[PDB]
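K.L.:
Here it is: the structure, laid out below.
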Amino acid sequence: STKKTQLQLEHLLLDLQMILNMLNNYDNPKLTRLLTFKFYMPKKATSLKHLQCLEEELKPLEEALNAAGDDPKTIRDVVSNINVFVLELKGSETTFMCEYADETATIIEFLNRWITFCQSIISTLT
């Protein structure tokens, strides 16, 4: 029950941090090209149901990463893995209406928000 939810959060955390380190190894133009894409942050992220606001951004996230031009199949497999464990945590269908903030954010702030999100809930389960 709890270890199952904890494990799915650790698989989701592993995918998110893999993108962060992939961003840190990008060229300065490639990084600048990534930061020109807008990402919407949820106004609240304290429950598993708030992962719906992460799922709705996986298609923009994949489109942003493919602008760097490293590898289209690797980006496809990592974002698909995120979509798998997000649906495993908050449900297979859309049952929550997300409320996003007025200000957009870069891909760095986007990943840092959900990484801290996964790490927070894991600490309460462990």
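Residues are named by chain letter and number: chains run A, B, ... in the order of the structure tokens, numbers start at 1 in each chain, and ligands are numbered from 1 in the order shown.
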Looking only at the backbone, which of the residues in chain A does DSSP tag as alpha helix (DSSP H), as a ChimeraX atom specification?

P.N.:
/A:2-24,28-35,52-55,58-66,72-90,107-125

K.L.:
Would you put the residues from that selection into a file with C-alpha atoms, as an mmCIF file, in the first residue's frame?

P.N.:
data_model
loop_
_atom_site.group_PDB
_atom_site.id
_atom_site.type_symbol
_atom_site.label_atom_id
_atom_site.label_comp_id
_atom_site.auth_asym_id
_atom_site.auth_seq_id
_atom_site.Cartn_x
_atom_site.Cartn_y
_atom_site.Cartn_z
ATOM 1 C CA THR A 2 2.427 2.662 1.217
ATOM 2 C CA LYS A 3 5.574 1.039 -0.194
ATOM 3 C CA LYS A 4 3.784 0.660 -3.539
ATOM 4 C CA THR A 5 3.023 4.386 -3.650
ATOM 5 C CA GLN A 6 6.541 5.153 -2.396
ATOM 6 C CA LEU A 7 8.115 3.027 -5.137
ATOM 7 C CA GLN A 8 6.083 4.669 -7.910
ATOM 8 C CA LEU A 9 7.209 8.052 -6.575
ATOM 9 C CA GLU A 10 10.838 6.884 -6.653
ATOM 10 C CA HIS A 11 10.458 5.758 -10.271
ATOM 11 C CA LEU A 12 8.897 9.136 -11.081
ATOM 12 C CA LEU A 13 11.676 10.965 -9.230
ATOM 13 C CA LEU A 14 14.286 8.959 -11.150
ATOM 14 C CA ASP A 15 12.811 10.118 -14.469
ATOM 15 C CA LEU A 16 12.612 13.790 -13.463
ATOM 16 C CA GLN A 17 16.187 13.989 -12.169
ATOM 17 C CA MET A 18 17.445 12.238 -15.313
ATOM 18 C CA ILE A 19 16.140 15.203 -17.326
ATOM 19 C CA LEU A 20 17.771 17.744 -14.997
ATOM 20 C CA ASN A 21 21.231 16.212 -15.425
ATOM 21 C CA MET A 22 20.574 15.956 -19.163
ATOM 22 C CA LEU A 23 19.887 19.705 -19.118
ATOM 23 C CA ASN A 24 23.109 20.484 -17.235
ATOM 24 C CA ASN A 28 24.944 27.070 -23.730
ATOM 25 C CA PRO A 29 22.881 27.720 -26.904
ATOM 26 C CA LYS A 30 20.984 24.456 -26.368
ATOM 27 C CA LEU A 31 20.233 25.451 -22.772
ATOM 28 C CA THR A 32 19.160 28.946 -23.848
ATOM 29 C CA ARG A 33 16.904 27.428 -26.513
ATOM 30 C CA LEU A 34 15.277 25.282 -23.812
ATOM 31 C CA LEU A 35 14.627 28.210 -21.460
ATOM 32 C CA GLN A 52 -2.648 15.944 -12.906
ATOM 33 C CA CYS A 53 -0.984 19.330 -13.434
ATOM 34 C CA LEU A 54 2.250 17.477 -14.241
ATOM 35 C CA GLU A 55 0.603 15.135 -16.755
ATOM 36 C CA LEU A 58 4.347 16.205 -20.490
ATOM 37 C CA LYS A 59 3.562 16.990 -24.139
ATOM 38 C CA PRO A 60 5.049 20.521 -23.903
ATOM 39 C CA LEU A 61 7.989 19.035 -21.977
ATOM 40 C CA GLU A 62 8.681 16.545 -24.773
ATOM 41 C CA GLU A 63 8.317 19.264 -27.419
ATOM 42 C CA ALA A 64 10.750 21.481 -25.505
ATOM 43 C CA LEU A 65 13.393 18.770 -25.097
ATOM 44 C CA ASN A 66 13.190 17.835 -28.788
ATOM 45 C CA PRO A 72 14.000 11.929 -30.235
ATOM 46 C CA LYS A 73 13.679 8.318 -29.054
ATOM 47 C CA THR A 74 15.312 8.947 -25.667
ATOM 48 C CA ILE A 75 13.005 11.892 -24.922
ATOM 49 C CA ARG A 76 10.054 9.714 -25.939
ATOM 50 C CA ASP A 77 10.996 6.920 -23.525
ATOM 51 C CA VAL A 78 11.640 9.192 -20.527
ATOM 52 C CA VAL A 79 8.459 11.267 -20.875
ATOM 53 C CA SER A 80 6.418 8.111 -21.492
ATOM 54 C CA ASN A 81 7.871 6.656 -18.287
ATOM 55 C CA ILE A 82 6.794 9.808 -16.442
ATOM 56 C CA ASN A 83 3.278 9.450 -17.860
ATOM 57 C CA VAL A 84 3.127 5.814 -16.717
ATOM 58 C CA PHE A 85 3.924 6.453 -13.055
ATOM 59 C CA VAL A 86 1.915 9.690 -12.877
ATOM 60 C CA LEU A 87 -1.196 7.766 -13.934
ATOM 61 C CA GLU A 88 -0.280 5.005 -11.465
ATOM 62 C CA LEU A 89 -0.274 7.555 -8.615
ATOM 63 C CA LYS A 90 -3.300 9.808 -9.248
ATOM 64 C CA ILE A 107 11.913 24.095 -17.690
ATOM 65 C CA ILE A 108 14.374 24.343 -14.783
ATOM 66 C CA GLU A 109 11.786 25.728 -12.358
ATOM 67 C CA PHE A 110 9.336 23.166 -13.762
ATOM 68 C CA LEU A 111 11.538 20.160 -12.981
ATOM 69 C CA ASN A 112 12.682 21.514 -9.605
ATOM 70 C CA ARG A 113 9.070 21.948 -8.471
ATOM 71 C CA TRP A 114 8.044 18.349 -9.173
ATOM 72 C CA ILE A 115 11.331 16.882 -7.927
ATOM 73 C CA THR A 116 10.788 18.638 -4.595
ATOM 74 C CA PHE A 117 7.172 17.449 -4.807
ATOM 75 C CA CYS A 118 8.140 13.779 -5.128
ATOM 76 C CA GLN A 119 10.857 14.069 -2.475
ATOM 77 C CA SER A 120 8.409 15.628 -0.005
ATOM 78 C CA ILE A 121 5.753 12.906 -0.211
ATOM 79 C CA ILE A 122 8.405 10.165 -0.121
ATOM 80 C CA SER A 123 9.762 11.551 3.163
ATOM 81 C CA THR A 124 6.348 11.190 4.828
ATOM 82 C CA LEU A 125 5.893 7.612 3.592
#

K.L.:
Excluding range 93-103 of chain A and residues on its chain fewer than 6 positions from it, collect all residues at most 9 Å away from it, counting only C-alpha atoms, and give them as a ChimeraX atom specification.

P.N.:
/A:39-44,49-50,52-53,87

K.L.:
Based on DSSP run over this structure's backbone, return all residues of chain A in strand (DSSP E or B), as an MDAnalysis selection string.

P.N.:
chainID A and resid 39:42 100:105

K.L.:
Go ahead and compute the interatomic distance for CA of residue 106 in chain A and CA of residue 38 in chain A, in Å to one decimal.

P.N.:
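Computed distance, CA of residue 106 in chain A to CA of residue 38 in chain A, equals 5.6 Å.
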